[PDB]
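Below sits a lone chain in structure tokens, taken as the form deposited in one PDB entry.
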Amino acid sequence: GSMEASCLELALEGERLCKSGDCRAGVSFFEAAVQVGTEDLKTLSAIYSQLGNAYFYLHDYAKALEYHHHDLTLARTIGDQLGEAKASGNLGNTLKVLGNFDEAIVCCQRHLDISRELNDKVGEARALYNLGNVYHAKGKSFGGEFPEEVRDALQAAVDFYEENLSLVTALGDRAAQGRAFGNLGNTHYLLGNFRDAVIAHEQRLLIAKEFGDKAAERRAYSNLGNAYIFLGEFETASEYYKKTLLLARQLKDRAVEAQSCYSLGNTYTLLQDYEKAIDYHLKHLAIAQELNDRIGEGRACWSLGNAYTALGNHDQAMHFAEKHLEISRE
């Protein structure tokens, strides 16, 4: 019946609620537990870290940063190096999302270095994935014709992801491999290594199927299609977007489905088919407005007016722009 005992109890309920996917409730329990307090700084460290992650998942990145900062500091106070490595990785990930890449890199690098010192291979691998992510976001945030420092950041990302894959292969960690393959493929895409991107997304697709992860499967098909566009193989691309459209309906994901239809219309145009294009753009706007999607609504129109203006229908084209200008002004 100490203060220590109630803090623990509140925290356990916090952890339970968060695992169940109710982060909003869990946050309050962790805040209650902080309110009650405890003299065990190890317990308190774990509560801060869970608050940081809970806020991160709720997209309150500014709060996530605050709590991961407290956790890092407290980890240093008590000399818990494993705890320090974890907090720094968490901090770097939050910094990355906020667009503070320079400090993000320093924090994620501290997570890697300490994992190495401790001979913690699981942690080392996670830190490498985190580092690939930061260098990727860093290179992508700028603005084939890239400044040297941008190409260098993207190529470091490739190296981190490949180093990660080598360790998680040794560890037998399939979900970790799925994550790395996907982001590696995206990094190759940005570098214009389109063949390598396909290879990476193919591996990512295979793992998505293994897990029965229909959403990851859907991402992979979509990324594969994008890469085939830039390889010229427009036919194969439409075939992958068709796969995503099928999946979009199974998942009952309205927006994703809008995306799938929009892409196919754009691909047929590169194939010089304008009817199919129109039918897909039609579905997109139909689903767009259905989601309170103003930006999307207009996009379809400029597309549609270009497609009718290619068909030879110079009236329905010249029409289409009119509803676009309306949403434009709105």
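Numbering starts at 1 and follows the sequence shown.
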Is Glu145 left out in a third or more of the other entries? yes
Unmodelled deposited residues between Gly143 and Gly144: none, 1 to 3, 4 to 9, or 10 or more? 4 to 9
Looking at the deposited entry, does 270 to 278 or 43 to 51 carry the larger mean Cα B-factor? 270 to 278
Higher avg CA temperature factor (178 to 186 vs 145 to 153, as deposited) belongs to 145 to 153
Highest-ranked of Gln289, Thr38, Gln35, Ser28 once sorted by CA temperature factor in the record: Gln289
At the C-alpha atoms, which of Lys214, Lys252, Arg76, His136 reaches the highest B-factor in this entry? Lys252
Modelled-residue ranking by C-alpha temperature factor, third containing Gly92: lowest
C-alpha B factor of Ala64, ranked within the chain: lowest, middle or highest third? lowest
Which third of the chain does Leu247 land in by C-alpha B-factor: lowest, middle or highest? highest
Taking the C-alpha B-factors as the PDB entry records them, is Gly172 in the lowest, middle or highest third of its chain? middle
Is the Cα B-factor recorded for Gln81 in the lowest, middle or highest third of its chain? middle
